[PDB]
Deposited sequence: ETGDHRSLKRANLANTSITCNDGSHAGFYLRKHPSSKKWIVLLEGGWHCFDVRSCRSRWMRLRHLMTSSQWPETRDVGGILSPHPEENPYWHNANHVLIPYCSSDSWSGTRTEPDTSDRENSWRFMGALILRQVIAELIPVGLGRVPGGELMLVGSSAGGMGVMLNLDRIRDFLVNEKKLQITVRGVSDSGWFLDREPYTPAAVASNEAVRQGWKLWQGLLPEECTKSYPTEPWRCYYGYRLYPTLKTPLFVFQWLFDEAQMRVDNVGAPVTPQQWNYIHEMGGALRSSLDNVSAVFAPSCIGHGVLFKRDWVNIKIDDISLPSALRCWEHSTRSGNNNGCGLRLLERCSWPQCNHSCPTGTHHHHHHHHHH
């Protein structure tokens, strides 16, 4: 199955990207495997008129399906080559592009925000094509950045859809890559407070949050857009990959391109808060490197912690969750021999 992933459409035509164009996915069916990797594409999001207008001027393709090619190649965990994907090269592979600008949480029908609806529809569409058709199947829902949040917000819903409504005999797991953000004091004041944007997003998107998390923040459910608040109520196994000096957290923290020691020291502390915010997490791989995203990259085999590579840690976690904390032990940017480029 070395061939590319192939575009497919959704039956329910009322499920749409931001601009009204139809959504869908890419598929590479494997002739015999019962394992599925479903990868949610990432980006950022837009939460009001100005930001959405601007995203439509600066990033049209993430709000519409018109520019989409008929096929996609994706490396890392959706690669069909064993050198690049030593444990999942022979599974069924699905890519869901991100055209809803809502961290895969929207249910609203100048724009539409159907993220959570898109995801539930794609999963519905995979059943007739073999997903959990045979007992002993497995679904790994994985995503990067906003895709990471997409996974955490829907993972419990999807397991409960498939194991309970649909009564399939399937093990369901999630992986969030680089989607674990913090609400903290920025380096310099920015136009809007982190928490106010999340609140507007929730309302604009009509965001569908998980109930067990919503119960623990009943005054303000939008808190569940943060990894570290979502996680303690999450029941389905979730593997968290996080660059301890993540670039997207730096943009959020409004640090600018670091050329001063005050900026670099703010970054050093930003890694320490990230690290601590992962205190609770049972399965985690967090190297002290500058970066954003990893699961889709050919380099994903190369990053190690204590000589344990990411695919190898992920494989071990799969083994032991058929029914694992690796944080870098030095604390400064680029102290890992194997940091990328």
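Undergrad: Spell out the unmodelled ranges of the deposited sequence for me, N- to C-terminal, numbering from the first residue.
TA: Since the structure holds only modelled residues, the stretches it omits are 1 to 3, 113 to 121, 336 to 342, 361 to 372.
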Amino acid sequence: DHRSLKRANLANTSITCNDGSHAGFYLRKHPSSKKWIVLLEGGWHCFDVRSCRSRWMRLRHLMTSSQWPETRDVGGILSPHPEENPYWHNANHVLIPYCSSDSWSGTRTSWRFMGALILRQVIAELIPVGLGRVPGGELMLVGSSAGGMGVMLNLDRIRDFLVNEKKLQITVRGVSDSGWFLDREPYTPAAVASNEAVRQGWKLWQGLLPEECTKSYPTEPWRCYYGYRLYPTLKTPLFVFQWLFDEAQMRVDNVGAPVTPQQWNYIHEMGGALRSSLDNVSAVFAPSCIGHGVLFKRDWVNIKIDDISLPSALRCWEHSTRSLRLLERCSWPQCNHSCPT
From here on, numbers count along this sequence of modelled residues.
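Undergrad: State which stretch shows the higher mean Cα B factor in the entry: 5 to 13 or 314 to 322.
TA: On average, C-alpha B-factors are higher across 5 to 13.
Undergrad: Between 219 to 227 and 237 to 245, point out the one with the higher average CA B-factor as the PDB entry records it.
TA: Higher mean C-alpha B-factor in the PDB entry: 219 to 227.
Undergrad: Per the entry, which of 292, 275, 297, 50 tops the list for Cα B factor?
TA: The listed residue with the largest C-alpha B-factor is 50.
Undergrad: By the entry's C-alpha temperature factors, tell me which of 250, 193, 95, 155 sits highest.
TA: Answer for 250, 193, 95, 155: 193, with the highest C-alpha B-factor.
Undergrad: Taking the values exactly as deposited, rank residue 58 by C-alpha B-factor within its chain and report the matching third: lowest, middle or highest.
TA: It falls in the top third of the chain.
Undergrad: Ranking every modelled residue in this chain by its Cα temperature factor as given in the entry, which third contains residue 75?
TA: It belongs to the lowest third of the chain when residues are ordered by C-alpha B-factor.
Undergrad: Consider only the C-alpha atoms of the modelled residues in this chain, order them by B-factor as the entry records it, and name the third containing residue 85: lowest, middle or highest.
TA: Lowest third of the chain for residue 85's C-alpha B-factor.
Undergrad: Per the entry's values, where does residue 184 land by CA temperature factor relative to the rest of its chain, in the lowest, middle or highest third?
TA: It belongs to the highest third of the chain when residues are ordered by C-alpha B-factor.
Undergrad: Just say lowest, middle or highest third for the CA B-factor of residue 167 relative to the other modelled residues in its chain.
TA: For residue 167, whose C-alpha B-factor we compare with every modelled residue in the chain, the answer is the highest third.
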